[PDB]
Amino acid sequence: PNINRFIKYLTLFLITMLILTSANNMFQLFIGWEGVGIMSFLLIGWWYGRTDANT
Amino acid sequence: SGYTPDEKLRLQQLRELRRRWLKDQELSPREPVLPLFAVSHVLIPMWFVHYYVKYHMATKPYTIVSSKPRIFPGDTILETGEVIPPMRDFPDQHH
Amino acid sequence: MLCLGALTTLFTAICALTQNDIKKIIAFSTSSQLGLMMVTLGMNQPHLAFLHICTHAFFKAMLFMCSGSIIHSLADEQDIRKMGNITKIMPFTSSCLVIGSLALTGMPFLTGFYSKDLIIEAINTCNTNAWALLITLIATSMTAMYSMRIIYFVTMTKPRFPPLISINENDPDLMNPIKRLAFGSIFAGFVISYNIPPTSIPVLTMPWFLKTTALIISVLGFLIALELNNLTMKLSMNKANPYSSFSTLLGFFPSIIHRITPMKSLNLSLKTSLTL
Amino acid sequence: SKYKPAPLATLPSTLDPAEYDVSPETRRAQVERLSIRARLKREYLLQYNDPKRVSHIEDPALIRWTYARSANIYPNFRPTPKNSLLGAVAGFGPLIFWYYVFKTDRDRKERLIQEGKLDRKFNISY
Amino acid sequence: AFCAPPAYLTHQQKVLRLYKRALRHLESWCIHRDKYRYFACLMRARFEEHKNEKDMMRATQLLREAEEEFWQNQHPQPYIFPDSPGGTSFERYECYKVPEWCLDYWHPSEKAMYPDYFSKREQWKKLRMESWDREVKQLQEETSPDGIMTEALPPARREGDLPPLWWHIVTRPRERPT
Amino acid sequence: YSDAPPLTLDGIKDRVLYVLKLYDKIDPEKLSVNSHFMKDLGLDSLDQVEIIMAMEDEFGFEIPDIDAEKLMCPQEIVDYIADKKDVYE
Amino acid sequence: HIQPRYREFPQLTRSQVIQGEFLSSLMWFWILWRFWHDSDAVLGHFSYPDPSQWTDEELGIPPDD
Amino acid sequence: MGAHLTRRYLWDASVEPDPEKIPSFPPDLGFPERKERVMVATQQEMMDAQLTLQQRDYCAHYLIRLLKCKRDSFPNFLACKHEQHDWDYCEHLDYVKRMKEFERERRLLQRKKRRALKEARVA
Amino acid sequence: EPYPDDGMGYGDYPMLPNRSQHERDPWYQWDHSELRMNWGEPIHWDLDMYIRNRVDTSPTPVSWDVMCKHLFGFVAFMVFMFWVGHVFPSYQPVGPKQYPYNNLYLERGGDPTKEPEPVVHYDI
Amino acid sequence: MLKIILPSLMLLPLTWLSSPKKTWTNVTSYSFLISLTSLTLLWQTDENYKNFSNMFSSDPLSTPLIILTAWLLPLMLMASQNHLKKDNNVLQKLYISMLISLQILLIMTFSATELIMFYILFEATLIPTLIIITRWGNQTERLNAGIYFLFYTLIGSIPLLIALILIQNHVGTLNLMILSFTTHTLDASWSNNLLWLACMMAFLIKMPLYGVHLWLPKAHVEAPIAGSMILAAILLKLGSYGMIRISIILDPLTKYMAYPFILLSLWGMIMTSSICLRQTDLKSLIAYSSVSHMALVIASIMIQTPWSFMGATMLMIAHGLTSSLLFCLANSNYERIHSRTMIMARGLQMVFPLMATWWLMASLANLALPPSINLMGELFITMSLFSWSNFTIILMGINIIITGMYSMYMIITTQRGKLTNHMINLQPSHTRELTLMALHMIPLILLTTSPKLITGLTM
Amino acid sequence: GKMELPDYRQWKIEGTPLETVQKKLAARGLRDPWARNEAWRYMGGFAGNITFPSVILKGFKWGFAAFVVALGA
Ligand SMILES: CCCCCCCCCCCCCCCCCC(=O)OC[C@H](COP(=O)(O)OCCN)OC(=O)CCCCCCCCCCCCCCCCC
């Protein structure tokens with residue numbers, strides 16, 4: 001029922017991933033390093049209802 | 001075992017009601033009553049970026065720096081006009 | 001990191017051999033390949049490590065979406081145990097799966113081959129831990145084994161999926177991308193290797209068994225595994241070795257370090273730091 | 001190999017001797033306990049399935065839990081040994097450990113800076 | 001999930017529920033089918049014999065050594081179905097199973113569309129309040145003399161009465177909301 | 001599309017009937033919904049376990065133990081499967 | 001409209017088979033084409049010297065004594 | 001992997017070289033006026049071709065050629081093939097050297113063991 | 001069975017079996033579905049740790065000791081073998097690589113003014 | 001700075017004189033504009049601090065706060081329109097005025113040149129706060145909580161009173177400007193070693209240190225939402241502002257008299273962070289989150305390196321906004337749920353889709369996600385702490401791992417999982433609830449774009 | 001469209017690997033009752049044995065045919 005949100009997070013993941021790729025100062029590298037971590041959290045547990053996905 | 005004769009009726013009846021609930025869940029016709037472009041987002045974004053990169057970045061100091069171009073032996077330098085000396089001859093032809 | 005990359009390569013690969021979940025096996029392979037990537041960084045060969053990252057992306061992406069196709073086409077069955085003979089029922093994904101499988105096993109002249117054997121022979125030629133050198137090579141044979149495990153169980157076997165069959169992969173949205181990546185998986189190693197800047201000054205001079213070691217170990221890895229897959233079909237009980245379960249439950253790092261740490265880290269807060 | 005329950009990885013239901021018991025007394029409890037649960041179950045199930053209700057089903061078993069855990073603690077505190085020895089090792093133990101971890105480092109650093117060895121190069125910040 | 005848990009388990013249900021775990025944990029070892037179907041009719045044999053043991057003591061001594069044979073000869077990754085507890089899709093679609101008492105706070109605009117839907121929903125809510133009295137009374141008039149009490153609830157037993165405590169077994173959020 | 005067509009009861013009904021018609025012990029020409037397993041067709045306490053298991057593998061889901069110690073009639077299986085899968089026909 | 005099949009081999013669409021043979025056949029054309037044009041998978045193209053055939057003059061092994 | 005290791009690790013290492021110190025003996029030993037290596041490229045040529053320090057080998061000169069024919073001939077990445085063979089050869093012809101040097105050091109160490117015993121005349 | 005009277009606060013709170021909600025029958029219709037706890041049943045003192053998304057105490061096909069020993073054995077053997085390795089490394093029969101100039105003294109960023117002791121490399 | 005203050009006072013006449021029905025909008029609308037006048041202080045086009053007049057000054061450290069103090073009064077009055085909408089029309093106008101006086105007093109305290117002006121106004125803020133907590137507190141225990149909040153601050157306060165009168169005699173004026181440009185160097189006696197403790201202890205108490213922080217968990221638990229916002233966002237930071245301006249004097253002793261607190265705070269940071277990990281009351285967990293993230297601050301206002309100080313200034317403003325956001329959304333769950341328990345109310349995103357987005361962003365602010373001022377702050381305190389002793393990363397390294405765990409657990413067990421079966425049905429979200437949040441985060445997004453404004457005095 | 005189902009009779013154990021399992025089970029005296037259900041696995045379409053070279057070599061025939069032609073031109 002929520003295809004659009006799923007596609008939205010996938011591109012946000014790509015934006016953080018590419019920022020992580022092309023980052024001169026490491027503060028930006030950190031923005032990418034933490035950034036993919038949080039959206040992975042949002043996307044691994046896409047189906048929040050399932051506790052297994054939450055774990 | 002086998003269902004108890006009084007549980008094969010509480011499942012008899014409640015299943016009958018679940019079937020009606022799911023029928024009622026069905027939407028009637030009309031139920032939902034409501035009351036190249038490619039260039040668009042590739043070209044329009046581009047003009048802006050260029051405006052930004054050729055008139056802010058380029059203008060400001062050390063904003064777009066590049067590794068020196070590669071110059072090999074025997075290839076000319078356009079800006080100064082010099083011709084890179086050809087290298088010492090490779091003596092061996094052994095493959 | 002040469003050392004830990006090496007341990008993860010085999011540790012993850014051995015775990016993958018007995019895992020019965022298709023997505024899980026591919027994921028362990030993701031870790032095992034990166035273990036090889038960690039090994040090259042550990043042997044101070046940065047440029048080739050990056051080359052594997054790019055080639056790794058094309059084929060691993062393929063195999064996952066290949067299983068995405070199998071899982072979605074079947075009634076959401078994510079277990080190799082109930083999935084069989086996809087080769088005749090769904091040739092399009094099976095073709096994509098074996099293309100990806102061979103790339104994962106470093107088939108000669110495919111994208112894995114251009115970058116992967118450079119890394120293998122790099123190991124065979126550098127000064128390195130003997131334990132690391134031996135594990136990385138058998139890790140390569142295991143990559144062939146679990147690769148063999150997936151196609152034998154998932155593709156070449158009598159079907160074992162639920163009786164009603166409703167399989168469709170015709171949707172352009174399935175084929176097209178799978179088709180496009182397949183083209184990348186077939187030609188990318190050719191294109192990337194020639195185009196990149198000369199780097200690392202590789203050592204192409206080797207005794208022939210080291211020059212061809214990656215090729216042979218990959219070949220017998222499948223050979224030995226095929227013997228194994230074949231063995232099962234018999235009406236004789238093999239089950240598995242005592243260390244097999246050790247392998248199947250992920251080396252027991254999950255069973256033990258996930259129940260003790262979260263238990264002795266929370267008990268101390270509630271019982272000791274918070275209330276006491 | 002016999003399965004060996006540990007405080008974790010406990011003895012499964014099967015493999016548990018108690019499960020294999022029909023002593024009429026045991027069965028007595030096992031049928032008495034369902035009653036408590038059935039009773040409680042038929043006190044949740046016709047109060048949650050009650051039309052005409054807006055109030056919050058309370059689940060007092062959870063209210064007895066929080067009170068027991070944050071407001072029934074200090075009224076049941078009696079200072080014994082194994083409680084004050086262990087109630088001082090926890091508050092002052094590490095707090096004294098790290099002091100000799102940080103003092104020794106800070107002192108090592110200071111000495112080295114004083115004698116002129118610490119490089120402090122390209123460090124223009126702090 | 002539907003029927004209520006019995007208090008104690010019999011001998012039978014313990015034996016007959018091993019025949020399931022066992023045979024189902026034999027189909028993880030026997031990945032193929034012909035091997036399985038073979039190695040399994042051999043399993044029944046094991047249960048088939050020692051079927052008529054009348055010596056309870058013995059029977060509960062074959063059972064207790066069966067479930068230890070099994071515990072040590074089980075597969076670590078059993079084949080557990082996709083949608084069952086412990087599975088791969090367990091509770092996946094629960095993020096879409098809203099509890100149906102939430103369509104009661106919808107804005108009169110939202111419920112404006114979807115018109116006939118709420119015309120039938122208001123009928124069912126009339127059914128629910130129209131019987132709570134006859135139901136609870138039934139639940140009570142039929143409270144068997146105080147004693148053993150199980151979670152089993154009574155059927156209807158009279159026309160027009162709706163088999164009780166039914167509003168949440170019927171009106172359950174649909175399994176696959178999709 | 002990818003997801004198969006939803007089960008219609010009169011189908012699920014035939015599917016459960018069918019599988020039994022392939023169990024050798026259960027006569028293929030008598031299996032009649034409402035023909036209890038242990039009282040009419042003659043199966044034993046241990047067969048039922050299997051008959052259910054076949055169904056769990058024909059329809060791809062697990063009939064829990066407690067709810068499956070009672071799939072006696074060859075029909076209870078047809079409404080229980082459907083009720084668990086939300087088929088209102 | 002693919003029709004779900006019960007206990008039968010799912011019918012396959014023209015395209016499913018052709019695309020599948022296509023991707024696989026190109027894989028094999030590429031492996032064969034490169035093998036012919038560039039067979040340095042085996043031997044590289046530089047032969048290992050036998051380190052044990054180097055005349056003692058070659059390495060500076062003085063005449064013992 | 002190899003036998004050479006077995007010699008050093010198994011058996012005795014007395015006569016097996018230590019990789020950390022390959023030119024362990026006198027460089028001139030064994031050679032009157034041995035000629036030193038020679039580099040075609042120029043300390044600058046390399047610096048202008050931005051060759052990675054590591055790639056600045058005695059084959060740096062054939063590399064610069066490859067790189068030349070790779071920038072030129074840009075759209076065609078499959079045509080600077082002769083240049084790569086050459087570089088590689090140069091390097092194979094260097095790996096061999098590095099192997100000849102290792103074998104020479106091996107043998108020379110043996111000379112020591114032989115001579116010691118020979119020179120270790122009983123009396 | 002009241003928690004032991006050692007005055008750490010437990011009070012009268014029942015000492016319920018230390019088993020995680022993980023092995024509570026996963027099919028039964030638990031009033032509170034996700035805590036797998038019914039309405040009224042005494043909650044466990046540490047139900048903030050036994051919750052499903054946290055620690056588990058669910059019987060394991062392999063005995064716990066057997067697990068701890070095996071895992072760490074593997075770890076140790078590996079670590080050790082890696083040590084056997086560092087002791088006996090694998091290195092081809094190749095002498096050291098030879099860089100031009102003075103091991104690229106100046107280019108490795110060496111001081112231009114101070115020339116280095118020439119490091120020369122000879123043929124063969 | 002009497003526009004940020006006089007117009008504020010006039011709010012009180014407006015809350016009283018205005019119609020019962022229109023009292024809320026006149027007050028909230030006007031203080032939004034009062035915040036707009038507050039923004040003028042940010043115009044510093046030169047380093048010289050802006051000494052408005054003899055008693056009133058604003059330097060980089062105070063200015064970022066005065067604006068926050070003015071900003072929250074609007075928000076506080078918007079978060080308490082629900083509860084406090086069941087009152088008698090004269091209990092409201094008292095609550096609104098109480099909230100108004102807090103920022104009048106707090107604006108002045110943060111904008112005060114004379115340190116004892118700080119003390120009188122500093123300790124006055126307790127009167128308005130204690131009334132907000134005790135009079136309108138829902139739980140039976142607020143009488144107790146109020147006592148704890150008054151005594152811990154008061155026993156600390158009288159030592160500071162003696163100390164500041166003491167320095168006035170020793171130096172001759174408590175004017176922060178002069179005290180700075182004058183030679184006040186303590187002499188490491190045993191007595192001075194006490195003076196230092198006298199001045200810092202009162203500030204260290206309201207900035208919960210590990211030893212004396214029990215007042216804050218108890219106070220925020222039963223305090224109404226407006227009181228909990230004020231305590232976390234502005235009240236606790238009063239202690240930090242005091243430590244920055246008071247340690248200008250007592251310059252030599254803190255080099256060696258700080259170790260005790262620094263270690264108390266860093267170990268405290270770990271234990272306070274950890275008990276958040278298993279605390280059933282959500283307001284309880286946010287409060288201990290507040291203790292730990294404030295324990296970092298007392299460990300940067302004591303190391304005293306330029307970066308620490310502005311790490312502190314960054315984190316204090318940032319954590320202030322984040323904490324309120326967390327306390328504000330906790331209240332929205334509390335009012336529909338009617339219980340503070342974290343375990344109940346599971347699955348809300350399924351029923352309150354957006355509040356969950358606000359919950360997610362608040363948690364990411366709570367943990368250190370990088371394009372946020374919250375992370376810049378911790379990254380800086382972390383750096384200096386490392387400089388003090390490389391080992392500090394271990395303890396400031398166990399806190400980061402724990403902080404990630406409790407921040408996400410609040411999201412995982414409150415805003416995900418299966419929905420609670422049938423608690424009193426949860427009415428949809430009001431637009432006020434959502435704005436009260438949006439008003440907290442939109443400024444957090446805007447400040448993160450240009451961190452320079454909240455960097456402190458040091459940089 | 002009220003999907004039909006293949007005649008139950010169609011399935012038979014002979015001609016499939018189940019038959020050999022059936023015969024050895026018969027040697028023990030067991031009857032292998034549910035073997036008929038597991039027949040469509042081996043019954044038809046999916047009846048042919050799949051060999052590992054066949055999958056690895058799928059399309060090799062044309063692939064080489066394509067290679068030869070290209071090599072010619
Ligand atoms: C959890 C992750 C832990 C990661 C640990 C990483 C450790 C890296 C190595 C640290 C220890 C060696 C440092 C070596 C520096 C150079 C040598 C030196 O002189 O040390 C500096 C200084 C003096 O140390 P030392 O030489 O041992 O002299 C002691 C004299 N009595 O050092 C000192 O000031 C004295 C103390 C040195 C040893 C300190 C050990 C710290 C232990 C931290 C435990 C972390 C867990 C605590 C519990 C958390 C859960 C509750």
# chains A, B, ... in the order shown; residues from 1 in each chain; ligands from 1
>>> residues_around(residues="residue 21 of chain A", least_positions_apart="6", cutoff="12 Å", atoms="only C-alpha atoms", output="MDAnalysis selection string")
(chainID A and resid 14:15 28:33 36) or (chainID C and resid 50)
>>> residues_around(residues="residue 92 of chain I", least_positions_apart="5", cutoff="12 Å", atoms="only C-alpha atoms", output="number ranges by chain")
C: 121-128, 203, 205-207, 210; G: 51; H: 1-6, 17-19, 95-96, 98-99, 102-103
>>> interface_residues(of="chain D", to="chain I", cutoff="7 Å", atoms="only C-alpha atoms", output="list in words")
residues 3, 4, 5, 6, 8, 9, 10, 11, 12, 40, 41, 44, 59, 60, 61, 62, 65, 68, 73, 74, 76, 77, 78 and 79 of chain D
>>> write_last_selection(atoms="N, CA and C atoms", output="short mmCIF file (atom, residue, chain, number, x, y, z; two decimals), in the first residue's frame")
data_model
loop_
_atom_site.label_atom_id
_atom_site.label_comp_id
_atom_site.auth_asym_id
_atom_site.auth_seq_id
_atom_site.Cartn_x
_atom_site.Cartn_y
_atom_site.Cartn_z
N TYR D 3 20.98 -33.07 26.32
CA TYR D 3 20.82 -31.64 26.32
C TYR D 3 21.03 -31.20 27.72
N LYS D 4 21.69 -30.07 27.88
CA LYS D 4 21.97 -29.61 29.20
C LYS D 4 21.54 -28.20 29.44
N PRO D 5 20.35 -28.05 29.97
CA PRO D 5 19.84 -26.70 30.09
C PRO D 5 20.75 -25.82 30.88
N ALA D 6 20.98 -24.61 30.42
CA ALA D 6 21.75 -23.67 31.19
C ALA D 6 20.77 -22.59 31.58
N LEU D 8 20.40 -19.98 30.41
CA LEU D 8 19.94 -19.80 29.04
C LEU D 8 19.93 -21.16 28.36
N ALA D 9 19.33 -21.22 27.18
CA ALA D 9 19.18 -22.47 26.45
C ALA D 9 18.50 -23.52 27.32
N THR D 10 17.45 -23.09 28.03
CA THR D 10 16.76 -23.93 29.04
C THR D 10 16.25 -25.28 28.54
N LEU D 11 15.87 -26.16 29.47
CA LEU D 11 15.38 -27.52 29.11
C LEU D 11 14.07 -27.41 28.34
N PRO D 12 13.96 -28.02 27.16
CA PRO D 12 12.71 -27.82 26.43
C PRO D 12 11.54 -28.44 27.16
N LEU D 40 -9.48 -15.15 34.50
CA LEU D 40 -9.00 -13.83 34.02
C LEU D 40 -9.32 -13.59 32.54
N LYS D 41 -9.28 -14.64 31.72
CA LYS D 41 -9.54 -14.48 30.27
C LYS D 41 -10.99 -14.01 30.14
N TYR D 44 -11.37 -10.37 30.74
CA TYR D 44 -10.80 -9.43 29.74
C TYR D 44 -11.74 -9.47 28.55
N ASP D 59 -5.68 -3.28 32.73
CA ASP D 59 -4.59 -4.23 32.88
C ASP D 59 -3.87 -3.94 34.15
N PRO D 60 -4.56 -4.05 35.28
CA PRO D 60 -3.95 -3.82 36.59
C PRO D 60 -2.75 -4.70 36.88
N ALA D 61 -2.59 -5.83 36.19
CA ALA D 61 -1.40 -6.65 36.38
C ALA D 61 -0.15 -5.93 35.94
N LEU D 62 -0.28 -4.99 35.01
CA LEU D 62 0.83 -4.13 34.63
C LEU D 62 1.04 -2.99 35.62
N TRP D 65 3.00 -4.16 38.44
CA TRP D 65 4.37 -4.41 38.03
C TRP D 65 5.21 -3.14 38.14
N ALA D 68 5.68 -2.13 41.70
CA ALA D 68 6.64 -3.02 42.35
C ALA D 68 8.06 -2.66 41.97
N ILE D 73 10.20 -0.20 46.12
CA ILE D 73 11.59 -0.64 46.24
C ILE D 73 12.17 -0.16 47.56
N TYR D 74 12.26 1.16 47.72
CA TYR D 74 12.79 1.72 48.96
C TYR D 74 11.96 1.37 50.19
N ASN D 76 11.05 -1.48 50.78
CA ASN D 76 11.51 -2.84 51.04
C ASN D 76 13.02 -2.92 50.91
N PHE D 77 13.70 -1.94 51.49
CA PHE D 77 15.16 -1.89 51.50
C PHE D 77 15.65 -2.06 52.93
N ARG D 78 16.54 -3.02 53.10
CA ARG D 78 17.11 -3.26 54.40
C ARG D 78 18.59 -3.39 54.14
N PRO D 79 19.39 -2.50 54.70
CA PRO D 79 20.82 -2.56 54.39
C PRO D 79 21.53 -3.71 55.07
#
>>> residues_near_ligand(ligand="ligand 1", cutoff="7 Å", atoms="only C-alpha atoms and all ligand atoms", output="list in words")
residues 100, 101, 102, 103, 104, 105 and 108 of chain D; 391 and 394 of chain J
>>> write_last_selection(atoms="C-alpha atoms", output="mmCIF file, in the first residue's frame")
data_model
loop_
_atom_site.group_PDB
_atom_site.id
_atom_site.type_symbol
_atom_site.label_atom_id
_atom_site.label_comp_id
_atom_site.auth_asym_id
_atom_site.auth_seq_id
_atom_site.Cartn_x
_atom_site.Cartn_y
_atom_site.Cartn_z
ATOM 1 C CA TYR D 100 44.070 6.519 38.378
ATOM 2 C CA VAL D 101 43.542 5.867 34.631
ATOM 3 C CA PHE D 102 43.040 9.562 33.801
ATOM 4 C CA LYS D 103 45.446 10.983 36.427
ATOM 5 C CA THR D 104 48.240 8.646 35.254
ATOM 6 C CA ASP D 105 47.630 9.550 31.565
ATOM 7 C CA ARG D 108 52.336 11.189 31.746
ATOM 8 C CA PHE J 391 41.305 7.190 27.356
ATOM 9 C CA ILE J 394 36.273 4.615 26.026
#
>>> closest_atom_pairs(of="chain G", to="chain C", cutoff="8 Å", atoms="only C-alpha atoms", output="tab-separated table")
residue	atom	partner	partner_atom	distance
G:2	CA	C:168	CA	6.7
G:3	CA	C:166	CA	6.8
G:4	CA	C:166	CA	4.2
G:5	CA	C:165	CA	5.0
G:6	CA	C:164	CA	4.2
G:7	CA	C:163	CA	5.4
G:8	CA	C:165	CA	7.4
G:9	CA	C:89	CA	6.8
G:10	CA	C:89	CA	6.2
G:12	CA	C:89	CA	7.5
G:13	CA	C:170	CA	7.6
G:15	CA	C:170	CA	7.5
G:16	CA	C:92	CA	5.6
G:17	CA	C:91	CA	6.0
G:19	CA	C:92	CA	6.3
G:20	CA	C:92	CA	4.1
G:21	CA	C:95	CA	7.1
G:23	CA	C:182	CA	6.9
G:24	CA	C:95	CA	5.8
G:26	CA	C:186	CA	7.8
G:27	CA	C:186	CA	5.7
G:30	CA	C:109	CA	7.2
G:31	CA	C:109	CA	5.0
G:34	CA	C:109	CA	6.5
G:35	CA	C:109	CA	7.1
G:41	CA	C:108	CA	7.2
G:42	CA	C:212	CA	6.3
G:43	CA	C:208	CA	6.2
G:44	CA	C:204	CA	6.4
G:46	CA	C:205	CA	6.2
G:47	CA	C:205	CA	6.9
G:48	CA	C:207	CA	5.7
>>> residues_around(residues="residue 7 of chain K", least_positions_apart="5", cutoff="12 Å", atoms="only C-alpha atoms", output="JSON, numbers by chain")
{"F": [14, 15, 18, 19, 21, 22, 28], "G": [6, 7, 8], "K": [12, 40]}
>>> residues_around(residues="residue 40 of chain A", least_positions_apart="2", cutoff="12 Å", atoms="only C-alpha atoms", output="number ranges by chain")
A: 6, 9-14, 16-17, 32-38, 42-46, 53-54
>>> write_last_selection(atoms="N, CA and C atoms", output="compact mmCIF listing (two decimals), in the first residue's frame")
# COMPACT_ATOMS: atom_id res chain seq x y z
N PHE A 6 8.49 3.64 -0.04
CA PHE A 6 9.60 2.67 -0.17
C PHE A 6 10.61 3.17 -1.21
N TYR A 9 12.67 6.19 0.23
CA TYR A 9 13.81 5.85 1.11
C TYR A 9 14.99 5.24 0.33
N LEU A 10 14.68 4.50 -0.73
CA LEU A 10 15.74 3.87 -1.55
C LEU A 10 16.64 4.95 -2.17
N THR A 11 16.04 6.00 -2.73
CA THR A 11 16.85 7.12 -3.29
C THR A 11 17.58 7.94 -2.22
N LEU A 12 16.96 8.04 -1.04
CA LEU A 12 17.58 8.79 0.08
C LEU A 12 18.81 7.95 0.43
N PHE A 13 18.66 6.63 0.37
CA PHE A 13 19.80 5.74 0.69
C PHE A 13 20.87 6.04 -0.36
N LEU A 14 20.47 6.14 -1.62
CA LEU A 14 21.47 6.35 -2.68
C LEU A 14 22.16 7.70 -2.43
N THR A 16 22.70 9.31 0.41
CA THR A 16 23.66 9.17 1.52
C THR A 16 24.85 8.33 1.05
N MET A 17 24.58 7.26 0.31
CA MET A 17 25.67 6.36 -0.17
C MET A 17 26.66 7.10 -1.06
N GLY A 32 27.57 10.53 5.60
CA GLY A 32 27.23 9.33 4.83
C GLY A 32 27.29 8.07 5.68
N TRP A 33 28.30 7.94 6.54
CA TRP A 33 28.47 6.66 7.28
C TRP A 33 27.26 6.45 8.19
N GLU A 34 26.92 7.47 8.98
CA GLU A 34 25.74 7.36 9.87
C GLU A 34 24.48 7.34 9.02
N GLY A 35 24.43 8.16 7.98
CA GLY A 35 23.21 8.26 7.16
C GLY A 35 22.68 7.00 6.52
N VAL A 36 23.57 6.19 5.95
CA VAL A 36 23.12 4.89 5.40
C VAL A 36 22.70 3.95 6.55
N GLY A 37 23.33 4.13 7.71
CA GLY A 37 23.01 3.27 8.86
C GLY A 37 21.56 3.53 9.22
N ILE A 38 21.16 4.80 9.38
CA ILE A 38 19.76 5.08 9.81
C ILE A 38 18.69 4.65 8.80
N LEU A 42 15.63 2.05 8.82
CA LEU A 42 14.25 2.30 8.34
C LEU A 42 13.89 1.26 7.29
N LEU A 43 14.81 0.85 6.43
CA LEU A 43 14.47 -0.09 5.34
C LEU A 43 14.64 -1.59 5.62
N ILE A 44 15.45 -1.99 6.58
CA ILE A 44 15.52 -3.41 6.92
C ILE A 44 14.20 -3.73 7.54
N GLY A 45 13.77 -2.88 8.45
CA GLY A 45 12.49 -3.07 9.07
C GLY A 45 11.45 -2.30 8.31
N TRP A 46 11.23 -2.65 7.06
CA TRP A 46 10.20 -1.99 6.31
C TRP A 46 8.91 -2.40 6.92
N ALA A 53 11.79 -8.28 12.00
CA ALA A 53 12.39 -7.15 11.26
C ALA A 53 12.88 -6.07 12.23
N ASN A 54 12.10 -5.79 13.27
CA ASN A 54 12.53 -4.78 14.28
C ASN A 54 13.81 -5.27 14.97
